[PDB]
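Peer 1: So here's target_6.cif (mmCIF, C-alpha atoms).
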```cif
data_run
loop_
_atom_site.label_atom_id
_atom_site.label_comp_id
_atom_site.auth_asym_id
_atom_site.auth_seq_id
_atom_site.Cartn_x
_atom_site.Cartn_y
_atom_site.Cartn_z
CA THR A 1981 19.57 -23.33 10.93
CA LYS A 1982 17.39 -20.44 9.73
CA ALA A 1983 13.69 -20.29 8.90
CA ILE A 1984 10.81 -17.86 8.47
CA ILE A 1985 7.61 -18.30 10.47
CA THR A 1986 4.67 -18.05 8.07
CA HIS A 1987 1.75 -19.04 10.33
CA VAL A 1988 1.08 -19.62 14.00
CA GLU A 1989 -1.85 -21.87 14.93
CA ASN A 1990 -0.66 -22.06 18.53
CA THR A 1991 2.71 -22.38 20.26
CA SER A 1992 2.74 -26.13 19.56
CA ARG A 1993 1.84 -25.80 15.88
CA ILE A 1994 3.98 -23.32 13.98
CA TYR A 1995 4.49 -23.29 10.20
CA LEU A 1996 8.06 -22.45 9.11
CA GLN A 1997 9.83 -22.25 5.78
CA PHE A 1998 13.42 -23.43 6.18
CA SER A 1999 16.02 -21.43 4.25
CA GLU A 2000 16.98 -24.37 2.00
CA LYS A 2001 13.60 -23.87 0.27
CA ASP A 2002 13.62 -20.08 -0.25
CA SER A 2003 14.41 -20.31 -3.98
CA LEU A 2004 11.84 -23.07 -4.42
CA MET A 2005 9.18 -20.90 -2.77
CA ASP A 2006 10.16 -18.00 -5.04
CA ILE A 2007 9.81 -20.17 -8.16
CA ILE A 2008 6.38 -21.43 -7.05
CA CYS A 2009 5.16 -17.85 -6.52
CA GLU A 2010 6.64 -16.63 -9.80
CA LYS A 2011 5.07 -19.45 -11.77
CA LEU A 2012 1.64 -19.14 -10.14
CA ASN A 2013 1.53 -15.35 -10.56
CA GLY A 2014 3.07 -15.20 -14.03
CA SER A 2015 0.64 -17.06 -16.26
CA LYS A 2016 -3.13 -17.38 -16.68
CA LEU A 2017 -4.61 -20.02 -14.37
CA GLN A 2018 -7.65 -22.12 -15.27
CA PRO A 2019 -10.82 -21.73 -13.19
CA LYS A 2020 -12.43 -24.97 -12.05
CA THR A 2021 -15.64 -26.02 -13.83
CA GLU A 2022 -17.25 -27.99 -10.99
CA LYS A 2023 -17.19 -28.13 -7.19
CA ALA A 2024 -14.18 -29.38 -5.21
CA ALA A 2025 -14.27 -31.75 -2.22
CA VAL A 2026 -12.43 -31.66 1.12
CA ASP A 2027 -8.69 -32.34 0.66
CA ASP A 2028 -8.69 -31.46 -3.06
CA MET A 2029 -5.55 -29.65 -4.19
CA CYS A 2030 -5.99 -26.46 -6.20
CA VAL A 2031 -4.93 -22.80 -6.46
CA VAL A 2032 -6.66 -19.73 -5.04
CA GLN A 2033 -6.25 -15.96 -5.12
CA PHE A 2034 -5.53 -14.58 -1.63
CA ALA A 2035 -7.67 -11.49 -0.97
CA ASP A 2036 -5.04 -9.85 1.23
CA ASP A 2037 -2.40 -9.46 -1.48
CA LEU A 2038 -4.27 -10.50 -4.67
CA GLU A 2039 -1.57 -13.08 -5.44
CA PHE A 2040 -2.00 -16.79 -6.19
CA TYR A 2041 -1.25 -19.71 -3.86
CA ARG A 2042 -1.28 -23.49 -3.80
CA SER A 2043 -4.24 -24.56 -1.69
CA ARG A 2044 -6.07 -27.50 -0.16
CA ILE A 2045 -9.79 -27.54 0.56
CA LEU A 2046 -10.54 -27.67 4.28
CA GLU A 2047 -14.31 -27.14 4.19
CA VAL A 2048 -17.02 -26.97 1.54
CA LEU A 2049 -19.15 -24.03 2.67
CA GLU A 2050 -22.58 -22.72 1.76
CA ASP A 2051 -23.02 -20.17 -1.06
CA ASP A 2052 -20.34 -21.95 -3.09
CA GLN A 2053 -17.52 -20.80 -0.81
CA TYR A 2054 -14.58 -22.83 0.47
CA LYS A 2055 -12.32 -22.59 3.49
CA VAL A 2056 -8.85 -23.46 2.25
CA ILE A 2057 -5.31 -23.72 3.59
CA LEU A 2058 -2.49 -22.02 1.68
CA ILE A 2059 -0.34 -25.12 1.90
CA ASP A 2060 3.02 -23.46 1.37
CA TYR A 2061 2.39 -21.05 4.27
CA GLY A 2062 -0.14 -22.56 6.66
CA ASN A 2063 -2.72 -19.79 7.03
CA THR A 2064 -6.35 -20.29 6.04
CA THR A 2065 -8.84 -18.16 4.15
CA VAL A 2066 -12.24 -18.25 2.49
CA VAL A 2067 -12.60 -17.95 -1.27
CA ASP A 2068 -15.42 -18.23 -3.79
CA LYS A 2069 -13.33 -19.26 -6.79
CA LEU A 2070 -10.89 -22.12 -7.33
CA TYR A 2071 -8.29 -22.70 -10.03
CA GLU A 2072 -6.69 -25.94 -11.21
CA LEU A 2073 -3.23 -26.74 -9.86
CA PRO A 2074 -0.80 -26.79 -12.79
CA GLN A 2075 0.64 -30.28 -13.35
CA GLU A 2076 4.24 -29.24 -12.62
CA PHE A 2077 3.39 -28.74 -8.93
CA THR A 2078 1.55 -32.03 -8.27
CA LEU A 2079 4.47 -33.86 -6.64
CA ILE A 2080 6.13 -30.91 -4.89
CA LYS A 2081 5.60 -31.15 -1.12
CA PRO A 2082 4.30 -28.12 0.83
CA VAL A 2083 7.16 -25.71 1.48
CA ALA A 2084 6.27 -24.91 5.10
CA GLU A 2085 6.95 -27.56 7.74
CA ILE A 2086 5.18 -27.73 11.10
CA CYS A 2087 7.10 -27.55 14.37
CA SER A 2088 6.26 -27.06 18.04
CA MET A 2089 7.81 -24.98 20.79
CA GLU A 2090 8.37 -26.61 24.16
CA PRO A 2091 5.17 -26.88 26.28
CA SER A 2092 4.22 -24.42 29.01
CA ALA A 2093 1.14 -24.15 31.21
CA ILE A 2094 1.54 -20.38 30.86
CA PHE A 2095 0.78 -20.76 27.17
CA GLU A 2096 -2.17 -23.09 27.75
CA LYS A 2097 -3.82 -21.13 30.55
CA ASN A 2098 -3.48 -17.84 28.69
CA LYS A 2099 -3.97 -18.70 25.03
CA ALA A 2100 -5.13 -15.39 23.54
CA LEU A 2101 -2.60 -13.31 25.48
CA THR A 2102 0.20 -15.68 24.56
CA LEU A 2103 -0.67 -15.60 20.87
CA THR A 2104 -0.98 -11.81 20.61
CA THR A 2105 2.29 -11.38 22.50
CA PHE A 2106 3.94 -13.97 20.23
CA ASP A 2107 2.65 -12.15 17.13
CA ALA A 2108 4.25 -8.90 18.31
CA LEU A 2109 7.49 -10.75 19.08
CA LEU A 2110 7.56 -12.29 15.60
CA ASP A 2111 6.76 -8.97 13.94
CA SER A 2112 9.86 -7.60 15.68
CA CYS A 2113 12.05 -9.97 13.64
CA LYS A 2114 9.72 -10.23 10.62
CA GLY A 2115 9.34 -13.91 11.47
CA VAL A 2116 13.01 -14.78 10.86
CA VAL A 2117 14.30 -17.29 13.43
CA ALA A 2118 17.17 -19.59 14.22
CA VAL A 2119 15.94 -23.12 14.84
CA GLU A 2120 17.41 -25.79 17.11
CA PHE A 2121 15.79 -29.23 17.39
CA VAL A 2122 14.87 -30.53 20.84
CA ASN A 2123 12.99 -33.62 19.67
CA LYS A 2124 13.03 -34.55 15.99
CA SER A 2125 11.01 -37.75 16.48
CA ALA A 2126 8.02 -35.88 17.91
CA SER A 2127 5.05 -34.86 15.78
CA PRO A 2128 5.33 -31.98 15.34
CA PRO A 2129 9.07 -31.93 16.13
CA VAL A 2130 9.90 -29.81 19.17
CA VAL A 2131 12.25 -26.87 18.60
CA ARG A 2132 13.87 -23.87 20.26
CA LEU A 2133 13.44 -20.59 18.38
CA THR A 2134 15.75 -17.56 18.59
CA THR A 2135 15.13 -14.25 16.78
CA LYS A 2136 17.51 -14.12 13.82
CA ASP A 2137 18.78 -10.66 14.73
CA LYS A 2138 21.18 -8.86 17.07
CA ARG A 2139 19.08 -9.60 20.16
CA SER A 2140 19.17 -13.37 19.71
CA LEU A 2141 15.96 -13.34 21.73
CA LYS A 2142 15.11 -16.74 23.22
CA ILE A 2143 11.47 -17.02 22.32
CA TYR A 2144 10.29 -19.80 24.65
CA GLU A 2145 11.69 -18.14 27.75
CA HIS A 2146 11.01 -14.56 26.62
CA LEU A 2147 7.39 -15.25 25.69
CA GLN A 2148 6.73 -16.77 29.11
CA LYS A 2149 8.35 -13.74 30.75
CA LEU A 2150 6.28 -11.19 28.79
CA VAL A 2151 2.97 -12.98 29.43
CA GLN A 2152 3.69 -13.35 33.15
CA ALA A 2153 4.68 -9.68 33.34
CA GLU A 2154 1.38 -8.53 31.83
CA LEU A 2155 -0.66 -10.86 34.06
CA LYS A 2156 1.26 -9.62 37.11
CA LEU A 2157 0.74 -5.95 36.22
CA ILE A 2158 -3.00 -6.49 35.97
CA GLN A 2159 -3.49 -8.91 38.85
CA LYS A 2160 -0.94 -7.93 41.50
#
```
Could you write out this structure as structure tokens?
Peer 2:
Amino acid sequence: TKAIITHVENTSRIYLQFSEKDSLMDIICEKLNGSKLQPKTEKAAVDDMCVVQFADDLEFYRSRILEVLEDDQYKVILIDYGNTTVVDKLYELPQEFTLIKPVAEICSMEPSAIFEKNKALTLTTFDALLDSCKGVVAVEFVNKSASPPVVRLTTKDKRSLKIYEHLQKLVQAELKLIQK
């Protein structure tokens, strides 16, 4: 099955939107960016659901409060995607979205000490790898009962690049160039 990677926390915590939900994601975006949203009139608390404007693209997203910060700021998660950001204004979540689960689901790649011993290098290499397929991946489940479920990811393009094995190879190659 096909999905798009929308956020990487680490190799064991990856947010993906599975293709079955592409139209649903489009409708959420269209509805949030198509009508006037209502600013909140009092402070929110951790875990409150709301909507924020994302500074990077100026568009609107379903959000959940992660932290109540000083200076009336909030760290929030964009629940449909997984990335976090800091905003100074919150909007009410329109009622029609209340029961709709977050679009993105969390999965994990297989474990590797290479990834754990070299976190920053692994993540920057992974980012470049994902950019090379614009985040579009084929997904096979290794362990569905795990939390997050463990998966194998392949670039959804002509290379069919095997990400778990390839990422290990690239990281080891850079470490070897520097250290040997």
Peer 1: Here is a test: counting only C-alpha atoms, which residue of A:2115, A:2014, A:2019, A:2062 is nearest to residue 2085 (chain A)?
Peer 2: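 Closest to residue 2085 (chain A), using only C-alpha atoms: A:2062.
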Peer 1: To one decimal place in Å, what is the distance between CA of residue 2011 (chain A) and CA of residue 2054 (chain A)?
Peer 2: 23.4 Å
Peer 1: Apply the PyMOL selection byres ((chain A and resi 2105) around 12) to the file shown and report the selected residues as an MDAnalysis selection string.
Peer 2: chainID A and resid 1988 1990:1991 2095 2098:2104 2106:2112 2143:2144 2146:2155
Peer 1: I'd like a table as JSON lines: residues in region 2052-2113 of chain A with an atom no more than 8 Å from region 2120-2132 of chain A, each row giving the shortest atom pair and its distance in Å to one decimal, all atoms listed in the file counted, sorted by chain and rising residue number.
Peer 2:
```
{"residue": "A:2086", "atom": "CA", "partner": "A:2128", "partner_atom": "CA", "distance": 6.0}
{"residue": "A:2087", "atom": "CA", "partner": "A:2128", "partner_atom": "CA", "distance": 4.9}
{"residue": "A:2088", "atom": "CA", "partner": "A:2130", "partner_atom": "CA", "distance": 4.7}
{"residue": "A:2089", "atom": "CA", "partner": "A:2131", "partner_atom": "CA", "distance": 5.3}
{"residue": "A:2090", "atom": "CA", "partner": "A:2130", "partner_atom": "CA", "distance": 6.1}
```
Peer 1: Applying the PyMOL selection byres ((chain A and resi 2012) around 9) to the file I just gave you, which residues come out? Please list them as a list in words.
Peer 2: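 That selection, the PyMOL selection byres ((chain A and resi 2012) around 9), comes back as residues 2007, 2008, 2009, 2010, 2011, 2013, 2014, 2015, 2016, 2017, 2031, 2039, 2040, 2041, 2042 and 2074 of chain A.
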Peer 1: Between A:2024, A:2118, A:1985, A:2084, which one has atoms that come closest to residue 2060 (chain A), using only C-alpha atoms?
Peer 2: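 Among the listed residues, the smallest separation from residue 2060 (chain A) belongs to A:2084.
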Peer 1: When distances are computed from all atoms listed in the file, which of A:2096, A:1989, A:2137, A:2068 shows the smallest separation from residue 2114 (chain A)?
Peer 2: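 Nearest candidate to residue 2114 (chain A) out of A:2096, A:1989, A:2137, A:2068: A:2137.
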Peer 1: As an exercise, work out the distance from CA of residue 2047 (chain A) to CA of residue 2026 (chain A) in Å and give it to one decimal place.
Peer 2: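 Between CA of residue 2047 (chain A) and CA of residue 2026 (chain A) the gap works out to 5.8 Å.
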Peer 1: Figure out the distance between CA of residue 2021 (chain A) and CA of residue 2076 (chain A), please, to one decimal in Å.
Peer 2: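 That distance, rounded to one decimal, is 20.2 Å.
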Peer 1: Nearest to residue 1982 (chain A): which of A:2156, A:2136, A:2055, A:2044 is it, counting all atoms listed in the file?
Peer 2: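 So, comparing all the options, the nearest one is A:2136.
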Peer 1: Nearest to residue 2056 (chain A) among A:2075, A:2030, A:2082, A:2035, with distances taken over all atoms listed in the file: which residue is it?
Peer 2: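 The closest residue to residue 2056 (chain A) is A:2030.
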Peer 1: Given 5 Å of margin on each side, can you work out the centre and size in Å (one decimal) of an axis-aligned box holding every listed atom of region 2091-2100 of chain A, as AutoDock Vina command-line options?
Peer 2:
```
--center_x 0.0 --center_y -21.1 --center_z 27.4 --size_x 20.3 --size_y 21.5 --size_z 17.7
```
Peer 1: Taking all atoms listed in the file into account, which of A:2135, A:1986, A:2033, A:2140 comes nearest residue 2069 (chain A)?
Peer 2: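 For residue 2069 (chain A), the nearest of the given residues is A:2033.
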Peer 1: Can you pull out every residue within 7 Å of region 1998-2002 of chain A, counting all atoms listed in the file, but drop anything in the same chain fewer than 6 positions away, and send it as number ranges by chain?
Peer 2: A: 1982-1984, 2083
